[PDB]
Structures are given as C-alpha cells and as structure tokens.
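Presented below, as structure tokens, is a lone chain in the form deposited in one PDB entry.
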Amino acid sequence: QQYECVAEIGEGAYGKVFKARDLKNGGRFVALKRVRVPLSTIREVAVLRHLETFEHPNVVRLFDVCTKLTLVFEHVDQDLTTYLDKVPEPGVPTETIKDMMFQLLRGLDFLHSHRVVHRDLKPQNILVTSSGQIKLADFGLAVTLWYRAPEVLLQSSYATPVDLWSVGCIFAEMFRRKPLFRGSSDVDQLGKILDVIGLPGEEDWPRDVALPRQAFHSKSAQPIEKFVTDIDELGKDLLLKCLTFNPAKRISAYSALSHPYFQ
C-alpha cells in the first residue's frame, strides 16, 4: 500500500483514525480516517475537497481522498488539550491566548463563509503546530456536552452560532486550564451554563421545545471574572458576546475577528 499505519489516533462513527507513514511523500506522518458505506457523504467529501482548494492556514490540509473511503490529512502532533496540559505555570501567556483565539476565529469564519458548521468544536479537535499554528480538524462529516451550545442542548436550532458558543467555552478554558461548564447530561449541562450566565428573558427562550424556562431557577447571573480570573476588560466583552444564550444575538466569527480585543 502507499500508507503504513503506525498507531491508532482514535475511533469515530463507524471508522478508525490512524497515524500513518506517507511512503510516497518522504514517510511524512499523515492522519488516515476510513469512512464506511450514499450521496450525502459523497457531498460531504466534495465540500471538504472544495475547502482544501482554498488551503486555509487555520484548517488541517486534506492531502488525499481514496476509494470504503480513506481520508488522508496532514498530521499535527498536538491538540489544544495536550498544549494546555503541558503549558508551565502560571499558564498560557496573554498574547498566546490572543493569537490562538484569532486563528481559531479565522478558521471558523472560513468554514462559516462556506456554509460549513463544525458542530463538535472542542480542544481535542483544535490542533496546535510546532510553530503555534491553530488548525481545525474533525469536521464536515456526519460524549462531551461541555462545549455544546444551549440551543443544541434544548434541541431547537443547529446553525453557525453553535460553534461560537464552543469558542467562548474554549476561550475561557485557555485562561482556566479546565473546562468552564462540566455538565454530565444535557439537562445538567444547561443548568451549569445558566448558573453563570443567568436565566435569559422569556423572549430569549426557544419556543416549542421540551424544556421550559421555568424548569431552571438559576436566578441571577454571576460575574465571569470569578470563573475566568485573569481575563482583561476587552476579553471579558468578547467572551460574553460568545456566551450569549440567544443564538440570533450571539457574535459571529466575522465580527469577533474585528473585536477591540484583537486591535
């Protein structure tokens, strides 16, 4: 074969991910994902090959697609989790947090501009290069709810704002070095969220959903500086705009890119 598996990276629905040697390309390490067997998946791979044409700096490269289906991607040694685990005290430098957030928002804006939603953005799929470059991986194909948006938990809407909530969760975790909302179920997750952001107005609660607003009594919203201690005034504002309950009022990746926090 042209690829030689050396280790298992992970397991997905229904497929395994393997670290492989690209024998025809200098034995470079590659991530091989096998997708089992449709037309929707054919379209999904077509979107991924199209996004590759733009070769965005903040998205993992798709080197090859073979025919059930093998997806060959560039290998990145570490994810944001392993970076946050190994970063020395007192934590990630303020300007490293800033740069990585801009790169994440750049890759996110790229995907949203091409009508692609990640839907499972988490430090495990955010890859960090030896040069410190953020690369998005593990998206475009069809459990941890710590980054799941409230409208996904409530089962009402599944648009792009879902990823911006995950970014707000990730932004907070870059300072904390531990997840912001560590729920253990959809109802626990939403409760743990509303303890911090407060119960939203009745007009901001999704209509025709199973869980009503009155199923929670989180009462008032607490200051974020308590849960994220070293955040600046501008960072606090960007973080709040991401962690907005109502997805229509939540900042977009495009307007987050222009926030004064990045000036």
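Throughout, we count residues from 1 along the sequence that is shown. What we label the rigid core is the largest C-alpha set whose atoms superpose within 1.5 Å from one form to the other.
Only in words, not in the display: the form deposited in another entry, which the text now covers.
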message = Only one of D232, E44, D204, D195 crosses a C-alpha shift of 2 angstroms between this form and the one not shown, counting 2 angstroms or more, core aligned. Which residue?
response = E44
request  = Tell me, please, whether between this form and the one not shown the C-alpha of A13 is shifted by 2 Å or more, with the rigid core used for superposition.
outcome  = yes
key: Did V60 shift 2 Å or more between this form and the one not shown, C-alpha, core superposed   = no
key: Core-aligned C-alpha movement of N246 between this form and the one not shown, 2 Å or more   = no
query = Relative to what is shown, are the Cα atoms of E8 and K86 closer or farther apart in the other entry, where the gap shifts by 3 Å or more?
reply = closer
